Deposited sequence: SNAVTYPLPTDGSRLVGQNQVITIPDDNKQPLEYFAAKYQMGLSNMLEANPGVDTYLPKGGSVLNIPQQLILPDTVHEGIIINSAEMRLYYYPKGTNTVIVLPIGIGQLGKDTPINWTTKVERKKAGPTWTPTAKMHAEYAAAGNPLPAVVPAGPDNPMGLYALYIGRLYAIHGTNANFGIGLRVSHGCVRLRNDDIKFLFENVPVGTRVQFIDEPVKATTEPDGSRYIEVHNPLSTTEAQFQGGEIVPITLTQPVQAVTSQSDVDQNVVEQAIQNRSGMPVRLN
């Protein structure tokens, strides 16, 4: 599996390899189709592919698949969710691997755990949402039954304070900020988590749009994504969205052998793909 990585045991955090594919000349598929095929988020695909058309990637163009990544600076235990890059990292007890799955969101810094998990979850809408639907004339049960029309999809992991990691019955959404729901995954991905994550697993939410590492061979890398709150205009350069380097990131990026032109280009581009600094 391209998104299951053996974990390095020497302190390395750079894992994986990028791919590049060619879009057929006769292509009719939107970007979401490629993102799903490669288990990527839509925003990650946009970041890695400047000017790509989400409606219809240009036939005969090339598409970068950003499967190389730096592991976030956290414990290598349980589930880590980094909303700024729309990724969920799972460090299973049963293996020495990390599985990296794309998510959609609708929590920034919080440590919790999986309290329970359910095949075929029921959805209990908010009193708010019901008020809105009822005025619109839309029927909304107090309890939406499990099944194919349930917006949590076919599996859920509950994590406390109301929240869940769940599926979706929609055709898009993973790698996007939406309204409603907590963390959503594509069908096969949520099923995989449901089958493999025990109740009691640690869950930690972080917000780290920039990651950097000094690896054991002395090489240094940065990876820059758009910050969580980024709008279309900030994305495309009609507005700016500011990125500040945290001190852990500076521990790498301020080193004496770093090419600061690579840092500045990385910060401007926000490509989502690791770039070597030295």
{"query": "Non-modelled portions of the deposited polymer sequence, in sequence order", "finding": "1, 108-113"}
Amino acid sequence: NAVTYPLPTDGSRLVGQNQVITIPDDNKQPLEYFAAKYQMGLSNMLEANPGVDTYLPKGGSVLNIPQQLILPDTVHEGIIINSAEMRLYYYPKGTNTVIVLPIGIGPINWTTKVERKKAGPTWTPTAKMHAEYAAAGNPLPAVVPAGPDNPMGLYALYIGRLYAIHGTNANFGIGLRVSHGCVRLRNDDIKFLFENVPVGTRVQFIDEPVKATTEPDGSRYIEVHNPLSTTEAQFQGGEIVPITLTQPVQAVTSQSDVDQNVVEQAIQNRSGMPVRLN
From here on, numbers count along this sequence of modelled residues.
item: 18-26 versus 257-265 - which carries the larger mean C-alpha B factor in the record; value: 18-26
item: Mean C-alpha B-factor comparison - 245-253 and 49-57, higher one; value: 49-57
item: 121, 139, 198, 151, ranked by C-alpha B-factor: the highest one; value: 139
item: Peak C-alpha temperature factor (PDB record), options 67, 213, 226, 236; value: 236
item: Within-chain third of residue 1 by Cα B-factor, per the entry; value: highest
item: Third assignment of residue 43 from its chain's C-alpha B-factors; value: middle
item: Chain thirds of CA B-factor: placement of residue 168; value: lowest
item: Residue 147 - which third its CA temperature factor falls in, relative to the rest of the chain; value: middle
item: Lowest, middle or highest third - CA B-factor, residue 71; value: lowest
